[PDB]
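Close look at the chain arrangement
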Amino acid sequence: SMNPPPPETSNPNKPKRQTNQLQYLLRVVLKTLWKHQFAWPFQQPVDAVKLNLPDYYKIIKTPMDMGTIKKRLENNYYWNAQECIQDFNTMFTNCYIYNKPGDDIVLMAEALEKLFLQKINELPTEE
Ligand SMILES: CNC(=O)c1ccc(-n2nc(Cn3cccn3)nc2-c2cn(C)c(=O)c3ccccc23)cc1
């Protein structure tokens, strides 16, 4: 079995900025979710080899995880907040697509997503 290459966290061809909204996404949003008791399945790319999920990357064609997001924020990969928000939403959606309703992992994603929505609700206005 083989994992795909992880999502890009570095790309000199891609435009980027440092902004207060992206700062908030790191300092408030990412940090809040990262420390949660249920964060651990979402802190790195799904290792379909070690986890014995050979169909994972047949079903999930746009993988995303908070490890990748954390790196993208820290390494200034993004142009705007929407790109980062999209990554979070992709991660949650992937979880719900792959896993069965009522699985623990779905409940775990839900707990993180609740907090995500609470924090994004107060995304600051652009400076
Ligand atoms: C973003 N990541 C995922 O989407 C993900 C990651 C791991 C798992 N795998 N892989 C195993 C190992 N295995 C293979 C065959 C039998 N067992 N078991 C789980 C797992 C299943 N279920 C129902 C859960 O609720 C759950 C909650 C937290 C962590 C793992 C799980 C499922 C989804």
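Residues numbered from 1 in each chain as written, not as in the entry; some residues may be left out. Heavy atoms only, no water.

If you look the protein up in the PDB entry, it shows as Bromodomain-containing protein 4 from Homo sapiens.

**Structural notes on the pattern of salt bridges**
Applying the stated rule across the entire model yields three salt bridges. Residues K14 and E83 are paired through a salt bridge, measuring 2.9 Å at the closest nitrogen-oxygen approach. Note that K14 is positioned in the segment before α1 (20-35) and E83 in helix α4 (residues 81-98), a separation of 69 residues in sequence. By relative accessible area, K14 is classed as buried at 16%. Classification of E83 by relative accessible area gives partly exposed; the value is 29%. A salt bridge links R72 to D87; the nearest nitrogen and oxygen atoms lie 2.8 Å apart. In this pair, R72 is assigned in helix α3 (residues 66-74) and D87 in helix α4, connecting sequence segments 15 residues apart. Under the relative-accessibility criterion, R72 is labelled buried at 9%. (Salt bridge = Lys/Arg side-chain N within 4 Å of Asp/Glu carboxyl O. Helix = DSSP H or I, 4+ residues; strand = E, 2+ residues; numbered from the N terminus. Buried < 20%, exposed > 50% of the residue type's maximum accessible area, 1.4 Å probe, protein only.)

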